[PDB]
Number of protein chains: 2
Amino acid sequence: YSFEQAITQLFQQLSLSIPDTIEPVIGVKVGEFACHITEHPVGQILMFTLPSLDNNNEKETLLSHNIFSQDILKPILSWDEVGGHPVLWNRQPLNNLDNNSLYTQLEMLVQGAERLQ
Amino acid sequence: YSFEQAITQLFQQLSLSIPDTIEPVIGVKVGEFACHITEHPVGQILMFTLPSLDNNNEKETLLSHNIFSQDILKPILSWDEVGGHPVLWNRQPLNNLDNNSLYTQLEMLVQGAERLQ
């Protein structure tokens, strides 16, 4: 129940009602952004959103967002070939979570999403 | 010395001589690919190489490589703005390493690099 427990803690931090059963994929709304939270692979919390890009910029500028940084929660800009839309996502292990770990991941994903616009 | 110890194990698995001191950044050659291994941030093993891309493909095709998968070691294609070259990289925690963990990361990075060509 690390996933169920992790989501329960996040929901309390977002002031959301806690469903009696919690399975992926879990959606949460943060400001303008619909975000999706799953466990994938096992032991990893994966969060993603579908951003509203600025692709009047070259390959180099969109790929430039994806350089590694000091923060492993910095989101990665990808394209979903199967659905024809950008996908922005980040990931961290479920076992190394502080109490606010999912909240931080969600905040980093959304800050990444806001930057893209 | 998790970094020193991790590199020592990798070097034995690559049949490389072990230097008396081991600090980032560590370079290793795997087939056609010069790879670079560092600890960044602390507790994370970061590996990267500078790939020889195929950018007659749209933003969507290069960004399509970056979709998440089941393997957290799947490398991410980025651009280094400060140096004007693509950077392919992956990352995993130093604390959750099996004995062959860096070898697997290196193999996943290079397979990603080979795919790009």
# chains A, B, ... in the order shown; residues from 1 in each chain; ligands from 1
>>> interface_residues(of="chain A", to="chain B", cutoff="10 Å", atoms="only C-alpha atoms", output="ChimeraX atom specification")
/A:40-42,44,46,48,55,57-72,76-82,84-93,95-96
>>> atom_distance(atom1="atom CA of residue 10 of chain B", atom2="atom CA of residue 102 of chain B")
6.1 Å
>>> select_by_dssp(residues="chain A", states="alpha helix (DSSP H)", output="NGL selection string")
:A and (2-14 or 59-64 or 101-115)
>>> residues_around(residues="segment 105-110 of chain B", least_positions_apart="4", cutoff="12 Å", atoms="only C-alpha atoms", output="ChimeraX atom specification")
/B:6-7,10-11,13-14,27-37,44-52,71-77,87-94,97-101,114-117
>>> write_last_selection(atoms="C-alpha atoms", output="short mmCIF file (atom, residue, chain, number, x, y, z; two decimals), in the first residue's frame")
data_model
loop_
_atom_site.label_atom_id
_atom_site.label_comp_id
_atom_site.auth_asym_id
_atom_site.auth_seq_id
_atom_site.Cartn_x
_atom_site.Cartn_y
_atom_site.Cartn_z
CA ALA B 6 30.04 1.39 -7.58
CA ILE B 7 32.67 2.36 -10.18
CA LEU B 10 31.64 -1.66 -12.89
CA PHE B 11 35.31 -1.53 -13.86
CA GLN B 13 32.75 -6.05 -15.00
CA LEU B 14 34.35 -4.18 -17.93
CA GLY B 27 34.65 8.09 -18.55
CA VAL B 28 34.27 4.62 -20.04
CA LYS B 29 34.24 3.47 -23.66
CA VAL B 30 31.53 0.98 -24.65
CA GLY B 31 31.77 -0.03 -28.29
CA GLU B 32 31.43 3.13 -30.37
CA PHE B 33 30.34 5.28 -27.43
CA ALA B 34 32.26 7.46 -25.00
CA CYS B 35 30.16 7.45 -21.82
CA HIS B 36 30.48 9.63 -18.73
CA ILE B 37 29.48 8.59 -15.21
CA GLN B 44 22.19 9.34 -7.87
CA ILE B 45 24.35 7.74 -10.57
CA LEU B 46 24.08 9.82 -13.74
CA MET B 47 25.46 8.52 -17.03
CA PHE B 48 25.49 10.34 -20.32
CA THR B 49 26.89 10.21 -23.81
CA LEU B 50 26.85 12.59 -26.76
CA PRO B 51 24.92 10.69 -29.46
CA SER B 52 25.24 10.93 -33.25
CA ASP B 71 12.56 0.69 -17.33
CA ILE B 72 13.77 3.68 -15.33
CA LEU B 73 17.15 3.26 -17.02
CA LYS B 74 15.68 4.09 -20.43
CA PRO B 75 17.82 7.06 -21.49
CA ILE B 76 16.48 10.55 -22.08
CA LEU B 77 17.36 12.56 -25.19
CA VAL B 87 22.98 14.74 -24.64
CA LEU B 88 21.56 11.29 -23.95
CA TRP B 89 21.41 10.38 -20.28
CA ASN B 90 19.92 8.09 -17.67
CA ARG B 91 19.96 7.96 -13.91
CA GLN B 92 19.30 5.69 -10.96
CA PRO B 93 19.85 5.86 -7.21
CA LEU B 94 23.14 4.74 -5.79
CA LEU B 97 22.20 -0.86 -6.63
CA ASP B 98 22.61 -4.53 -7.26
CA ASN B 99 26.20 -5.54 -8.05
CA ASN B 100 25.58 -5.17 -11.82
CA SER B 101 23.46 -2.02 -11.56
CA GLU B 114 22.57 2.83 -30.82
CA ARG B 115 18.83 3.19 -31.48
CA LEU B 116 19.23 6.89 -32.23
CA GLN B 117 21.42 6.03 -35.24
#
>>> atom_distance(atom1="atom CA of residue 38 of chain B", atom2="atom CA of residue 39 of chain A")
27.2 Å
>>> atom_distance(atom1="atom CA of residue 26 of chain A", atom2="atom CA of residue 113 of chain A")
18.2 Å
>>> closest_residue(among="A:25, A:111, A:83, A:56", to="residue 4 of chain A", atoms="only C-alpha atoms")
A:25
